[PDB]
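Let me begin by presenting the structure, written as structure tokens, before commenting on it.
All of the numbers you see were taken from the coordinates with simple rules; none came from a lab. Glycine gets a Cβ as well: all are built from the backbone with ideal geometry, and neighbour counts include every protein chain shown.
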Amino acid sequence: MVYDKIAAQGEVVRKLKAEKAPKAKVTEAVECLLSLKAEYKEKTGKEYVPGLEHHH
């Protein structure tokens, strides 16, 4: 029950927006979250759910 790249940079932005960062980067990660998760879909979450994944 783990997700590499998707979590990898997923948290990167999560930390950025937490410590106050640019939206451009936060959304950038949001994408890697939706994109990477789609690549992931191994056998745990299927299109893993990181945190943002294009959160509104």
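Give me the pairs: first residue in region 11-25 and without any contact (Cβ under 8 Å) to a residue 24 or more places away in the chain and among the small types (G, A, S), second residue surrounded by 11 or more Cβ atoms within 10 Å (Cβ to Cβ) and in a helix (DSSP H, G or I), beta-carbon distance under 9 Å, and six or more apart or on different chains, which are they?
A21/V13; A21/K15
In region 36-56, how many residues are of a type in the set (A, V, I, L, M), under 15 Å from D4 (Cβ atoms) and buried (at least 20 other Cβ atoms within 10 Å of the Cβ)?
Quick first cut of region 36-56, residues of a type in the set (A, V, I, L, M) only: 36, 38, 49, 52.
Pick out the ones that are also under 15 Å from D4 (Cβ atoms) and you get 36, 38, 49.
Right, trim to buried (at least 20 other Cβ atoms within 10 Å of the Cβ) and you get 36.
Summing the residues that are of a type in the set (A, V, I, L, M), under 15 Å from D4 (Cβ atoms) and buried (at least 20 other Cβ atoms within 10 Å of the Cβ) in region 36-56 gives 1.
Can you tell me how many residues in region 26-47 are touching a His at 6+ places or on another chain (Cβ under 9 Å) and either over 17 Å from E11 (Cα atoms) or among the β-branched types (V, I, T) (or both)?
Applying the first criterion (touching a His at 6+ places or on another chain (Cβ under 9 Å)) to region 26-47 yields 27, 30-31, 33-34.
Then drop every residue that is not either over 17 Å from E11 (Cα atoms) or among the β-branched types (V, I, T) (or both), which leaves 27, 30.
So the count comes out to 2.
Mind checking which residues of region 15-35 are surrounded by 13 or more Cβ atoms within 10 Å (Cβ to Cβ), assigned to a helix (DSSP H, G or I) and more than 8 Å from the chain's Cα centre (by Cα)? Steps first, answer last, please.
Of region 15-35, the ones surrounded by 13 or more Cβ atoms within 10 Å (Cβ to Cβ) are 16-17, 21, 25-35.
Restricting the remaining residues to those that are assigned to a helix (DSSP H, G or I) gives 16-17, 25-35.
Those that are surrounded by 13 or more Cβ atoms within 10 Å (Cβ to Cβ), assigned to a helix (DSSP H, G or I) and more than 8 Å from the chain's Cα centre (by Cα): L16, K17, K25, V26, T27, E28, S35.
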